[PDB]
Structures are given as structure tokens and as C-alpha cells.
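Just so you know, all these numbers are worked out from the coordinates, no wet-lab data involved. For neighbour counting, all protein chains shown are included, and Cβ atoms are generated from backbone atoms with ideal geometry for every residue, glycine included.
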Amino acid sequence: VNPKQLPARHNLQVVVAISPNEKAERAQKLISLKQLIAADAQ
Amino acid sequence: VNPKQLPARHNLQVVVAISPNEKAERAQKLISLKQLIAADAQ
Amino acid sequence: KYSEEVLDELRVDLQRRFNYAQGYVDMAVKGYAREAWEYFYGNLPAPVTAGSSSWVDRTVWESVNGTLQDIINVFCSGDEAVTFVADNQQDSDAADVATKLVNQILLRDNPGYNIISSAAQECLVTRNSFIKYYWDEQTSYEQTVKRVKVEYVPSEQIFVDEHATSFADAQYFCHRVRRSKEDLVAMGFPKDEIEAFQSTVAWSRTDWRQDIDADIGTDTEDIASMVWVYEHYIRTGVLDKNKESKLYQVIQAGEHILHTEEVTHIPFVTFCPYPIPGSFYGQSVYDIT
Amino acid sequence: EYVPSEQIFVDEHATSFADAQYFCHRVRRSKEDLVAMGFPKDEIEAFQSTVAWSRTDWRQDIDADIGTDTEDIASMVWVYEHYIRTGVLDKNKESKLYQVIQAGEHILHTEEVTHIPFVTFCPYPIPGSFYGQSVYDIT
Amino acid sequence: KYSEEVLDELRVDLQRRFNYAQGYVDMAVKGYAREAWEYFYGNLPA
Amino acid sequence: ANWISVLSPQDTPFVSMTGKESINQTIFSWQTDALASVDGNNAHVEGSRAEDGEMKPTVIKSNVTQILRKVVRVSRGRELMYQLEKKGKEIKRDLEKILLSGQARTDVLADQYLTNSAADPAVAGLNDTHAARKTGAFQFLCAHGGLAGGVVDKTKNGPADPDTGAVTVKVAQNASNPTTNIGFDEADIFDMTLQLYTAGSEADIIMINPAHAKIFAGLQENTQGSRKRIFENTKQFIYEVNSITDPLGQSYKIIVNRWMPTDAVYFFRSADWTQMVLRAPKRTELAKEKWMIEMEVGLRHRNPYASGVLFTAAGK
Amino acid sequence: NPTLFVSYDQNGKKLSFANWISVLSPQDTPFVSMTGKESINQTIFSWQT
Amino acid sequence: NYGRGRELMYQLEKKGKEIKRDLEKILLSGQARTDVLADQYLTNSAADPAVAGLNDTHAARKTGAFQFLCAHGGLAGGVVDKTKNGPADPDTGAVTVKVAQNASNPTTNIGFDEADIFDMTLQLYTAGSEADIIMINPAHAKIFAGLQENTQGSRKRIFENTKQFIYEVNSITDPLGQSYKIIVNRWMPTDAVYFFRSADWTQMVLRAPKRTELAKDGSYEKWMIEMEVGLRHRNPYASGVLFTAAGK
Amino acid sequence: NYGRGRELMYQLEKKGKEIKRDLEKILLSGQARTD
Amino acid sequence: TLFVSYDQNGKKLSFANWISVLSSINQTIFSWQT
Amino acid sequence: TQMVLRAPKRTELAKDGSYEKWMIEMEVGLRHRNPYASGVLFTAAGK
């Protein structure tokens, strides 16, 4: 991992206070998206 | 990014006080629109 | 081809204007802001007698916090600050870019959260609060940067005229600043670097810990030694009055001017909760409670 | 690592780490790290911040001997670390920031740095100041 | 090529700065923090 | 009415014209006396046979720092901050008045400041042998030629520097009046400029008490008829002077300061004077409800024969 | 000595000297330094008035 | 050390500055010439008479300054007499050195009378020097300034609502059309003025400033600076000087 | 400060060690509880 | 003239502190049973 | 510990009529800490 290869803070937003269940939440979102991408063939 | 290439305030409305979940909200709207554009073939 | 007599006349006019503005602003704002800050901590009501045991009732602080929590829950609640929106598709490609740029400059570059918190907590007790943005042009391997120096600004380091009601019609607007000798040497007196020297009282009384007129350890000869400079925005025909009433930014030190230029907009912004029409200053929680 | 407020010393004219001109932080480091940077032939360089700490509780006494021999290289010793914005060079030069690490009447390390690695918590902050409020003063 | 006189001047300046900073910070923070910690356990009211 | 009026005379040009520099001891010192003389002839006969040189190295000069208290006693609303700022301004005025006085540093130590062996041995155990630290003033460091106990004598000119014959402290002699008027002669400041040029000071500032500006104002005119103003349809009556240039080509800017003694005038210079400080103004209290200030400050001067002073009186 | 800090008996002081020496001396040489040279070999030269 | 860097380079620069100051004073002064060589067979017969054969003392060695007569009247032994008017150049008749009296002014105000400058300029004009420069010491420039002050009212200054005051004069224009500039030097006898010429009148150095040293006897840090500069004028009757009024 | 500066902590540590040594000696010494 | 520059000695140093080193109940009265 | 000033070094000074001189010029000094820290014991038959 080259340090010069990393970006700067100008393009890196940060977030804190993440709930434990958020992972599962994401999963749900993902599967939802899955159905969506299954309905569109383009 | 050329500064002259940007528009003026006359054509730029501004908004503040945006909720965190608004992103997700937009997503919902988007997928809704998707279904709509899927129903019309024109 | 600026004449020195012109600069002397400008110095005299600006000095008298600052004198009048101070004489007004003091009794207009600071005489109330000091006692409001004192009530903030409940230090103004004195122990008239020992047997009285005058237990103070911290009420102003309570309402201040009750309002500040909602304020921060309104603006700073979102991961982002704002987001520009356009009215046509021909200019939508620039909306997202400007939004990302301002968000990065405000949060990922500056402590926008602290700036907003300070501008809020200090406004509801001082009757106003100010925010400012400049073009930072620092330079040292001689890398040079051009940043957007955004920073809070107390009301104790501001001086404005009385006949003004907004930044637009404001004729004179001063803002004392504490800048190192480096920036001054970058614009004047390179051979001389020993140019030493209510606004302090109100600040040292907002709390009871700091004393701005003390020595934190900086040597006077050290170039980084902070020094008080006077920045001013004035609408006046310093030239032949027949010319338009041009606005001008001036930046000076003790009996010496360092920079002068034209500008058509004041980079300062003010918060005015419970505003008062026809005036430059709104109300404050102190005067209400 | 956490850092108490009893082992910190800052100027008065500052309101944040950005505009802070001087910032000191006493530390308790063994003689090993010091020997790694100065006085290899001499290892016997012995010596409110203690009162406030020993009064946070009533069990500890930082100025006591837990059993470490003074000559033992691992013997902890108080060193003074400082971050200062000043033109120690010709004042005509930019107001450069510098980290210094010294011991009793002896400097061990000096270098340049453009950012203070320290971070502070400020609940109920006080604008225009480096220190916020506290629950004590409220209750 | 750091001179020893430069380091001595730096030591003097830093010593006086630390003296001022301590004289301030003590009465600014620690005088209150001590009694706050004492109230934490209820040991101040005698 | 919700405000107070305060005159607040706060000129303080000297303090801002001399800067400041921190120290780490209550007694600082520098060393500079002069360069070697010319000796005139320096012919030789192909042989040195020297006498270990006539270096005669520099002399070591020092100064002491004093203390200012200006206690605050509380028994407008919050009058505390008001009285505190008022006392701060008062102590600043007192500093501006003292640093330009004719005081002379007086302490148990004169030239053996160190005396690490003795250093007042009878001090510990009783701690009540406290003496009074008094610092050196302006007129004392400007190559004085005496002192009336603790004040510089205002009727004796200074000595001459061995480098080049120059008397930077002279007793004014107003040869215009028969010793009746107490005022600068027309050619008494130019003599100071000549002496400084001979000594090489490069000063370009002159502080003056408003009780003497009338002299320089009238200097632009005369009675013999060789100097007179003109007004070519001008709606102005400018009566003021703020710049002088001696025949030697040395410019001099004039500034007025009300905190100077009436019977004296000073020739300052930015870099040649520096303000040494040890303890910054701190708001605090005594040992274990009053407030107080304590400011340790001292005066430093690069070289005595650089700055110049001139006393105004009649000879007698 | 954390009990009382005393100043007159302070041993091992630091004189706090100044790292500069004011060597002010009159030496300008306005014209005589800008005349030129006519280096020679002997010391009995002349100019044939 | 604490304020000193070294005891050799510092002292060496000291001695260099001192030697330069010494040269500056010696050139423009009364350093009477003292030589022992009374050569008689010169003009393409270069030899040293039988005298000065084996002896190696050679004490007397000086040059310049009146004794080096430089078109002066006369000196009294080993000191230059600043009271002797120069001779008359037979070419046209002109004295380039004289001594005005202090009778037109009080008997204690040593100085000129504002007329001696123009007299010297006319003498130079008759001599054909074309000098245009003045090297004067302090205590005499005030005359150049107040020439327009010690009058009856004829000459006068003007101040048109100007806060500046000035008594500086660094140039004058002779009635003959000869412009002269004033330059202040401090290594003068504080009793005379020099109407010297431009760089045309130059000096010459035999041994340039250079360092030497002996090795050791038991211990020392010896060094040397033995420059051997010398002066030269050109047609002494060209330039001139003007002493001040002292009396006799 | 001129010579060293910051003498308070030095004196305080000295007095702490002094009282430690004094406590050791007096505790290992015999004296009644005369009251 | 006469530059030696060997006697600066502007040390102006301070002291170094090279000294030498030679280094819960609640109530006021406590009792025990035997 | 010692207090060598510059160093022990050998060097020659100005010569003479077929002589050759050399010098060393060694300069040092002692440094004891806490005078009451080192023991000394003289030998005496009596007093």
C-alpha cells in the first residue's frame, strides 16, 4: 500500500456513530437492489 | 474547472437543513421512477 | 502613484471614523454583552451578605443550551451542510461540483462544526455573531497553496458605524485581527520588524480563565509574534468626490498602512436571531430573560 | 494513548490547536529512549500536576517510588515536549512550527511539523476560547 | 549546523513561555478541576 | 445611560516603536564599547616587535528589572473588569512615564552582579531582607555624565567616546536670548545631529513634550526676514513641522509624547532600544478576595553613544 | 523546593547574554575608496610636473 | 564564548578596519613628508649614494601633505603652518591656498565668510583645474546652509504650507558656470576644506594588503598586515585648499 | 529566570523526600504517646 | 582594520541543575482487637 | 571525569639556526561530584 497512492481529505467524507445492526441493514438494501437489477435487462 | 465556466446566482437556488436519510429517500424515488420508465416504452 | 498626503488624509478620516464607531458600538452592544456573559455563568448577582447564601439560578444558560441543541440538530445534523440546486439541465453539471467543493472546503478542510457552534452559542448572548472567509496564500520545497480560510469571529473584535443596518449599506466596517509579523513583512517594512503595539475585557469576561493581553511565551522579536492589525472596509470617495463612491479594503498596522485594494462585497456574514428591522443588530436571549 | 489535563500546559492567547503558538506536554519516558538520542556516557540524569492527579483519587501518589532503581535504564523520567510556532531563526523567515523534546537542562530532539497530533474534547464548548465548560461548574 | 547559542536562547524563551503558560493554566483550569474531582467523590464538603 | 466616558490618554508611541524581547533572568547584559582609535601615524621600519596588542576588549554592561503591582481591591454592573482594564491602562501609562525618566539602576550589586559565593548570604531563614529593584532609565543609558543620587544630572554634558570625539549629551545653550527663555536654540539640535553623525548612530526619530513644539513651529519663521511663509490663494494655515534634515543629510522625524519630562528632549531610534520582559501581566491573587497585576520589565540599550539627549535650561 | 520559591539566593544563574556586538564605528570612505589604483614596483615615483 | 566567536578572525577584521581608517586619515591630513634620500644623480641614473650602505634602520618614511608642499606657502619645521598663503603661479597668477580672516564675523566664530568659496573657484578657473567637488568636514556645512540666513533680507527661504524644514545644501553653481558638489568626510583637520578633483588624482599600492606570520617562539598567535599604499597628486597648482580663520 | 528557573518543583520534591526520611526515622524510633 | 574575531564568547548560558539525589482509613483513630 | 580543553596534539613552532622545536600543550582538569562521595584514608603512626 503506497502512501502516495492514497487520496486526500478533500475527497474523503467521514462518518461516526454506526449501529451494530447496520451491516444487516446494508444486506437488506443489497438484496433489494438485487431484485431491482433483476427486473431491468438493459 | 474554469471559473468563467460556472453560472451565476441568478440561476442557482440553494437549500439547507438536509436530513441524513435524504440520500436513501432519493434512492427510493429513483427506483420508483425506474418502475415508471419501465411501464412506458415510448 | 498613490500620494503620501492622500494616505495621511485617509488615515485621519479612518481614525476618526473608528473613534466614532467604537464610541457607539461600546454602549450599543458590549455594555450589555458583558453582563449577559456574566449571567451566563451566574457571576453577576453578587453575595450581598454572607448570611443570605444567594444561590444563583442558572436560567439563561439553560435556554441557551435548549436552543443550541435544536440549532445543531437542524443544520449540522446531516453528514453534509448544503447542496446547490439548479433550474435547468444546461447548468446541472455544475451543481454537484460546487456542492462537493463547498462541502469539502467547509468540513473536510475547516472545522465547520466548531465554527457554527461558536457562531451560535456566542450570538444568543452577544446579540450577534460573525463568520468570515479569506484567500489563504501561505508558502514555505517552495510549495504554495490557495485555500479558503474560513473562521469564526467574535463580536468583541468588530467595529461598525451607527447609521448602517446591513452589510450592504454599511459605509465603514472595521475588524481588528491578530496576525503574525510574517504576513506584515510580506507587505511592508522589511528592514524593521520591531513594530509593536473593552475588546479584551468582554473576551476575558466571556470566561474567567483567559487574558488576551498577556504573554503566552512568544518572544517579541520572533517573526511569528502575533500583533494587532486593523482591517477596514470603507465606502468613500477618497479620490475626487466627483468619482463614484467606491468601496475599498485597507489593511494597516500602527501608524503604517500595508495593503489597499478594491472590493465589491464584504466577506463577513452575521447571525441575527430575533432580528430587529431597520437595524444592524437583532435581539438576544439575555435581554429576554 | 489518552492524556490527562494535569500534564498539559498551553498559552492563554490561544483558542484552538490551529492558532496555538505554544503547547507543552510533560511526559514520563524511560531512560532508554533518551539514551537513544543524547548523553550515552551519562545515564544518571535525574529530575500541581501531581496534586490534581493524586486528588482525582486518594490512592495514587505519582511522586513516589514504585520500586524502580534510579540507575535502571527503564527508570521513568520526566521529559518536556513542546510545540512552538516561532521564528527561532531570523525573524524574517516564516513563522515555522517546531517540535522540541528536552530533558533537564538538555535538549534531545528537534524537528519541523505542520500539525499537532493532539486532539481535545470540548463538551459545552465556549466560543473564542480553548476550553469549554464542565458539569462541575453547572451542578 | 545548529549553534549552541541558538539552543540556549531557545531554552530561555521556552522556559519563560512555560512559566507564563503554567501561571495561567493553573488558576484557569486546575484550581477548578481539583475541587470538581473532590466533589466527584463527595470529599470536599467537610 | 448605559455607558461611561473615559479620556484614556494612551499615546504610547515609544512602547510600540521599541518592540520587545523575552529573557530568562532578572538581570541581562550585553558587551560593546567601541572600535580601536586611529592613532594617526602608523609608519614602520620593517619590524613589528609588538606588545601583545592593544586590544583592550569590550566592557560588559548590564541592567536590572523592576516590579509594578497596581493592586485591585473590591469590597457599570460588573465593576471588576472595568477597574481591571482601567488599572491596566494606568500601569501602561506608568511604564511609558518611567522608561523615559532619568532614573538610575540602584541595587546592592554594582559591577559584581554574580557574587555567587556571597549573593547576600543573610537572606535565607528570615526572608525579610527584601531590597527594592530599580531599573535603568532612558537618560541613564544615553552616555550620561553623572547622576544626582538616583536621577541623571540635567546640567552636565557627557564624556567623549574614544573611537571618535563626540559628546552625545550636552547642556543646551540658547544663544538667542540672554538666558531668559527656556527653549531650544535654532542651532542646538543640529549640533546633536553633528555629534551623532560623528558617532554614527543613524537615529531618525525625536520625541518631544508638547510644551516645546511651539519652538519648532516658530522655527519655520524668524524676525531677521530670511524665513517667512506664503499663501497663494490658499484656505489653510498649516502651523506644524514634522521633518528635519541637517546639512549632513540626516533626516529626522518628529513625534509628540505627553509622558516626557518638560525639561528634556530625546533622540530615539527603533532598533537601538529594546524592551526586555520577564513576567507578563498576570491577573491573580496573593497566597492562601483581591485581584492584582505583576509585570516584571527591564530596559535595554544597544549602545549609549547611539541615542542622544539634550537638557533645556539656562547655564548657572 | 516546592514550599517557597526565593530569588536572592538563587544559585547557578544564567546571565542571559546577548548574541550580538554593537561595533558601531565611523567608516564610510565615500570617494577615496572609489578613485582607482596605479600599482608600481619602486617607491620613488614622480609625475614630471 | 558567549558573545565572541574567535580571537583571531575577529581581531583580524578589527585590524583591517583600523588600517583602512588610518589610511583614510593619513591621505587627507598634514602627514608631512620625511625622507632621507637626497638623490642628486636621478633622471636615468638610478643609484643610492654611498650613504645608507650597510645600515638597516631607515626610520624616516612618510609622504603626502605639505611637505609634499602641494602648492602651499610655507611650513614651520615638522608641522604644517595653516597660516601661509600660497605662491603665485607665474602662468596666469593665482594662489590656490590662502587663509581668510574672521573679522567679518565675531572673533570666536571660526569659519568662512561665504566669499572665500567663490574666490577659490575663481583662482581655480584662472589656474585651469576644472575641479567640481568639495570634501568638507562637519561644523562647516552649517555655513553652506545659512549663507541664505545671515543676511539683511535679500535672500530668504519659502515654506508653502509645507511641514518639512531643511538646512541641507549639497550643490552650488559658481557665477562662472562651475557647478560644485559637497561631500562630507570626517577624517579632516576640522579647520580646513579641500577643493580636490575627481578620480583623475589617484593613489598607487606597492604591497597590497596581505597577511604574514612567524611560526613560533614558545607559543603565540602572531599575524601581520603590512600594506604599503602611497599617494600621488597631479599638477599641485591645479587643486587647492582653504584653511579657516584662527589668527596670529 | 536568570540562573535556572522553576525552583518550586525542585524544592517540593526535596521536601517530599525529606518528610519520607523523617517518617522512616521517627517510626523506627521509640516515643510514647504523651498527650 | 585589525580584525581578530577570536574573543566573542557570547555564551550567555544558564544553569543546568546538576544536583545530587539520595532517595486508607477514614477516621482519625483506629483500633484492633487481640 | 576529565576536562580536556582542546586536545593533546604535537606541533612545531618557529625554528632557529638549524634547530627543531616541538610542543604538546596538553590542558586538562578534574571534575568531582558531591565532594562527600569519595573516601580517603591516610596512614599515620600517631598524632
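Once you have a ≥ b ≥ c as the square roots of the Cα gyration tensor eigenvalues for the stretch C:76-212, tell me rounded if a/c is under 1.5, and otherwise prolate or oblate according to whether a/b is larger than b/c.
Cα axes put the stretch C:76-212 in the oblate bin.
Residues of H:148-161, mean number of Cβ from any other protein chain within 10 Å of their own Cβ, rounded to a whole number?
5
I'd like to know how the stretch H:47-188 sits against the 2.2 N^0.38 Å rule of thumb: what's its Cα Rg over that expected value?
Its radius of gyration relative to the 2.2 N^0.38 Å reference: 1.44.
Roughly how tilted is helix H:116-127, in degrees to the nearest 10 and between 0 and 90, from the longest Cα axis of chain H?
70
Volume per residue, Å³, of the convex hull around the alpha-carbon atoms of the stretch F:62-165?
180
Computed over the Cα atoms, what is the radius of gyration of the stretch H:124-248 divided by 2.2 N^0.38 Å, N being its residue count?
1.61
Which net charge results for the neighbourhood of H:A103, defined as the other residues with beta-carbon distances under 15 angstrom from its beta-carbon, given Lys and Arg at +1 and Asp and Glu at -1?
Residues close to H:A103 contribute a combined charge of -1.
For C:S199, F:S22, G:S7, which order do you get if you count the other beta carbons within 10 Å of each Cβ and list the fewest first?
G:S7, C:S199, F:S22
Evaluate the relative contact order of the stretch C:218-289 (contact order divided by residue number), counting alpha-carbon pairs under 8 angstrom at least 6 apart; express in whole percent.
Averaging sequence separation for qualifying contacts and normalising by length gives 18 percent for the stretch C:218-289.
Under the classification rounded if a/c is under 1.5, otherwise prolate if a/b is larger than b/c and oblate if not, where does the stretch C:156-220 fall, given a ≥ b ≥ c as square roots of the Cα gyration tensor eigenvalues?
Oblate, since a/c reaches 1.5 and b/c is not below a/b.
Counting only other chains, and only Cβ atoms inside 10 Å, what mean value do you get across the residues of G:27-40?
Per-residue shielding by partner chains comes out at 6.
Note down the net charge around C:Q15, summing +1 for each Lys or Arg and -1 for each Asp or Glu among other residues with Cβ under 15 Å from its Cβ.
Net of charged neighbours comes to -3.
With +1 on the Cβ of every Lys and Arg and -1 on the Cβ of every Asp and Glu, and nothing else charged, how large is the dipole of chain K about its Cα centre, in debye rounded to the nearest 20?
Dipole size: approximately 300 debye.
Could you tell me the convex hull volume per residue, in Å³, taken over the Cα atoms of chain B?
Expressed per residue, the convex hull around the Cα atoms of chain B is 168 Å³.
Jot down the per residue volume, in cubic angstrom and as a whole number, of the convex hull over the alpha-carbon atoms of the stretch C:179-289.
Spread over its residues, the Cα hull of the stretch C:179-289 gives 167 Å³ apiece.
Over 15 Å, how big is the tail of the calculated P(r) for the stretch D:1-98, in percent of all Cα pairs?
72
Give the dimensionless ratio obtained when the Cα radius of gyration of chain H is divided by 2.2 N^0.38 Å.
Relative to the 2.2 N^0.38 Å estimate, chain H comes out at 1.29.
Between rounded, prolate and oblate, where does chain K land on the alpha carbon gyration tensor, with a ≥ b ≥ c its root eigenvalues, rounded for a/c under 1.5, else prolate if a/b exceeds b/c?
In terms of gyration-tensor shape, oblate.
Work out the length of the dipole vector of the protein assembly as shown about its Cα centre, built from +1 on the beta-carbon of each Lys and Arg and -1 on the beta-carbon of each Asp and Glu, and round it to the nearest 20 debye.
Dipole magnitude for the protein assembly as shown comes out near 1100 debye.
Would you kindly calculate the mean projected area, averaged across all directions, of the convex hull enclosing the Cα atoms of chain E, in square nanometres?
4.7
Pairing the Cα long axis of helix E:31-40 with the longest principal axis of chain E, what angle in degrees results, from 0 to 90 and rounded to the nearest 10?
Between the helix axis and the principal axis of chain E, the angle is about 40 degrees.
Per 5 Å bin, what percent of the C-alpha pairs of the stretch H:168-215 does each bin hold, from zero upward?
P(r) over the stretch H:168-215, rounded to whole percents: 5, 10, 14, 19, 15, 11, 7, 7, 5, 3, 2, 1, 0.
Arrange the peptides D:26-35, C:149-158, B:30-39 so that the one whose residues have, on average, the most other Cβ atoms within 10 Å appears first.
C:149-158, D:26-35, B:30-39
Taking every pair of Cα atoms in the stretch F:120-207, average 1/r, invert it to obtain the Kirkwood radius, and report Rg/Rh to two decimals.
Ratio of gyration radius to Kirkwood radius: 1.18.
Using the Kirkwood radius built from alpha carbon pairs, what does the Stokes-Einstein equation give as D for the protein assembly as shown at 4 °C and 1.567 mPa s, in µm² per second?
Calculated translational D: 34 µm²/s.
Return the percentage of antiparallel bridges among DSSP beta bridges fully within chain H, rounded to the nearest 5 %.
Close to 65 percent.
Work from the charge dipole of the stretch C:198-251 (Cβ charges, +1 for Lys and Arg, -1 for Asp and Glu, about the Cα centre) and give the residue of C:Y248, C:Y230, C:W208 farthest towards its positive end.
Farthest towards the positive end: C:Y248.
Given the stretch F:1-143, report the % of alpha carbon pairs whose separation exceeds 28 Å.
50
At q = 0.09, 0.14 Å⁻¹, what log₁₀ I(q)/I(0) does a Debye calculation on the Cα points of chain F give, no solvent, two decimals?
Results for chain F at q = 0.09, 0.14 Å⁻¹ read -0.62, -1.20.
When the scattering of the stretch H:191-248 is computed by the Debye formula from its Cα atoms alone, each counted once and equally, what is log10 I(q)/I(0) at q = 0.25, 0.29 Å⁻¹?
-1.03, -1.12
Calculate the mean, over all residues of peptide B:4-17, of how many other protein chain Cβ atoms lie within 10 angstrom of the residue's Cβ.
Average per residue, whole number: 4.
Return the distance in nm (one decimal) between the two label points of a simple spin-label model at H:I183 and F:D52, each offset 7 Å from Cα along Cα→Cβ.
According to this spin-label approximation, the distance is 4.3 nm.
Once the Cα atoms of helix H:9-27 and of chain H are each reduced to a long axis, what angle between those two axes, in degrees from 0 to 90 to the nearest 10, is obtained?
Tilt relative to chain H: about 50 degrees.
Using the Cβ atoms and a cut-off under 12 Å, what net charge is assigned to the surroundings of K:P8, where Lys and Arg are +1 and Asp and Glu are -1?
+1
If the label for A:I31 sits 7 angstrom from Cα along the Cα-to-Cβ line, what are its distances to the same label in every other copy, in nm to one decimal, shortest first?
Those label-point separations list as 1.2 nm.
Give D:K31/G:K13; H:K25/H:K181; F:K56/H:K210; H:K15/J:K11; D:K91/E:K30; C:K30/C:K132 a once-over and call out the pairs whose C-alpha atoms are over 31 Å from each other.
Over 31 Å Cα-Cα: D:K91/E:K30.
So what is the 222 nm mean residue ellipticity for chain D from helices alone, if each DSSP H run of at least 4 adds -39500 (n - 2.57) and you divide by all residues, rounding to the nearest 500 deg cm²/dmol?
About -2500 deg cm²/dmol.
How many percent of Cα pairs in chain C exceed 28 Å?
Distances greater than 28 Å cover 50 percent of the Cα pairs.
Restricting the count to DSSP beta bridges whose residues both fall in chain F, what percent are antiparallel, rounded to a multiple of 5?
Roughly 75 percent of the DSSP beta bridges within chain F come out antiparallel.
Add -39500 (n - 2.57) for each DSSP H run of 4 or more in chain F, then divide by its residues: what number comes out at 222 nm, to the nearest 500 deg cm²/dmol?
-4500 deg cm²/dmol
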